[PDB]
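Novice: This is the structure I have questions about; it appears just below.
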Amino acid sequence: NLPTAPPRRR
Amino acid sequence: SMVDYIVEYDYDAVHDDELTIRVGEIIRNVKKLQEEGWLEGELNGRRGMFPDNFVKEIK
């Protein structure tokens, strides 16, 4: 199970 | 005091303020900045952002 990086605030 | 994190999953930087991290590395002097879901810390002489679900806090 690999993590997905959370979106940046951008 | 200071907070360190262990890298548990590889991550390649997508923006220039991000760290490229590799399993096993220790990120040091970690701080929560304004940004959600991300942390900031020192690694191999530089500072940068990293996603907080790729890493485990050393307690």
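Residues in the structure tokens are numbered from 1 in each chain, the chains being A, B, ... in the order shown, and ligands are numbered from 1 in the order shown.
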Would you return as a JSON list (two decimals) with C-alpha atoms, in the first residue's frame the members of chain B that DSSP assigns to strand (DSSP E) on this structure's backbone?

Specialist:
```
[["chain", "number", "residue", "atom", "x", "y", "z"],
["B", 5, "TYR", "CA", 10.93, 11.87, 10.96],
["B", 6, "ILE", "CA", 11.85, 8.58, 9.25],
["B", 7, "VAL", "CA", 11.22, 8.27, 5.52],
["B", 26, "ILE", "CA", 16.01, 10.84, 8.67],
["B", 27, "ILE", "CA", 14.54, 14.32, 8.12],
["B", 28, "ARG", "CA", 15.56, 16.62, 10.96],
["B", 29, "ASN", "CA", 14.33, 19.75, 12.75],
["B", 30, "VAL", "CA", 10.85, 19.17, 11.37],
["B", 31, "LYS", "CA", 8.28, 21.97, 11.53],
["B", 38, "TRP", "CA", 2.85, 18.73, 4.48],
["B", 39, "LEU", "CA", 5.82, 19.28, 6.79],
["B", 40, "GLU", "CA", 9.12, 21.12, 6.51],
["B", 41, "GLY", "CA", 12.55, 19.83, 7.50],
["B", 42, "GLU", "CA", 16.29, 19.49, 7.04],
["B", 43, "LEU", "CA", 17.81, 16.76, 4.86],
["B", 46, "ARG", "CA", 19.06, 21.74, 2.75],
["B", 47, "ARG", "CA", 15.51, 22.41, 3.94],
["B", 48, "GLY", "CA", 12.29, 21.59, 2.13],
["B", 49, "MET", "CA", 8.69, 20.39, 2.16],
["B", 50, "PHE", "CA", 7.57, 16.73, 2.31],
["B", 51, "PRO", "CA", 4.19, 14.96, 2.42],
["B", 55, "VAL", "CA", 7.09, 9.53, 6.80],
["B", 56, "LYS", "CA", 6.85, 8.43, 10.44],
["B", 57, "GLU", "CA", 7.51, 10.71, 13.41]]
```

Novice: Using only C-alpha atoms, select each residue of chain B with any atom at most 7 Å away from an atom of chain A, and give the selection as a ChimeraX atom specification.

Specialist: /B:35,37,51,53-54

Novice: Report, in Å to a single decimal, how far apart CA of residue 2 in chain B and CA of residue 23 in chain B are.

Specialist: 20.9 Å
